[PDB]
Every structure is written in structure tokens, then in C-alpha cells.
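Visitor:
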Amino acid sequence: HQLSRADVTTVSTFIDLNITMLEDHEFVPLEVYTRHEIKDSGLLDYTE
Amino acid sequence: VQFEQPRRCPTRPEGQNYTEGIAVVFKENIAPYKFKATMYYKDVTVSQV
Ligand code: NA
Numbered sequence: 657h658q659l660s661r662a663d664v665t666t667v668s669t670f671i672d673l674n675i676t677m678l679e680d681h682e683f684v685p686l687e688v689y690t691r692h693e694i695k696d697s698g699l700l701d702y703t704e
Numbered sequence: 125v126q127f128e129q130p131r132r133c134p135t136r137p138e139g140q141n142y143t144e145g146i147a148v149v150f151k152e153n154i155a156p157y158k159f160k161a162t163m164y165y166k167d168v169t170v171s172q173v
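Sequence lines, in order, name chains B and A. To convert, note that position 16 of the first sequence is 672 in PDB author numbering; the numbers rise steadily by one, no gaps. To convert, note that position 23 of the second sequence is 147 in PDB author numbering; the numbers rise steadily by one, no gaps.
#1: Less than 9 angstroms separating the beta-carbons of A/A147 and B/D696?
#2: Taking contact to mean 3 or more Cβ pairs, one atom from each stretch, closer than 8 angstroms, check whether the segment 667-686 of chain B and the segment 131-151 of chain A are in contact.
#3: Tell me the DSSP secondary structure of B/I694 in three-state form.
#4: Suppose contacts are defined by Cβ-Cβ distances below 9 angstroms. Is B/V688 in contact with A/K160 by that definition?
#5: Can you check which of these residues, B/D680, B/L678, B/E693, is closest to A/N153 by C-alpha distance?
#6: Starting from A/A155, find everything on chain B with Cβ-Cβ shorter than 7 angstroms and list it in chain order.
What follows is the structure, given as C-alpha cells:
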């Protein structure tokens, strides 16, 4: 008779190692207080 | 001599469990409270000439 390799049970001598790449990441600008908020926190503005 | 028998292999960590959720982050308020006012006064000028 005749067989394909898919017709034979396959065992592996290979040791698995699943390494995945660290993904791209985007850092958006972030501020707790903008400089306009810091300017506006004063009660009276001398210039205005 | 004999060969060392197979060692106990390490175990992959369980992995950090994460709770999904929605959040609102609040900061200390530094903006003054603002409102609208109306001033009624009278400019009084006395000129000695
Ligand atoms: Na041995």
C-alpha cells in the first residue's frame, strides 16, 4: 500500500519556544495643568 | 560516575489578572470660581481752577 506523511502519526523532537515581539506604543502629550491653567489660578492678573 | 537526571523545569507565571473598567481621574482644582457681577458707581470730580 502507499501512505502520505499526513497519514502517519507525528511526534516532535523539537522543543517549543514562543517568542513574540513587543508591540509599538504611542505616548500622547499629557499635562496635569496646562501653563494657561497655571496662569489662570491667580486671583488677580496685574496686566489685565 | 552517572549522568544527572532531568531537572524540574520552571513554570510560566500565572499572569496578572486584570479587571476591565471605565475611569475618571480628578485633580485638585486650582481654577478660581468665576461668575458675573455688575458695578454701579459714580465718578465724582471736583476741579479747582
Ligand atoms: Na543517564
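Every residue, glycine too, gets a C-beta built ideally from N, C-alpha and C.
Guide: Reading from the atomic positions:
#1: no
#2: no
#3: helix
#4: no
#5: Among B/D680, B/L678, B/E693, the Cα nearest to that of A/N153 is on B/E693.
#6: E693, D696, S697
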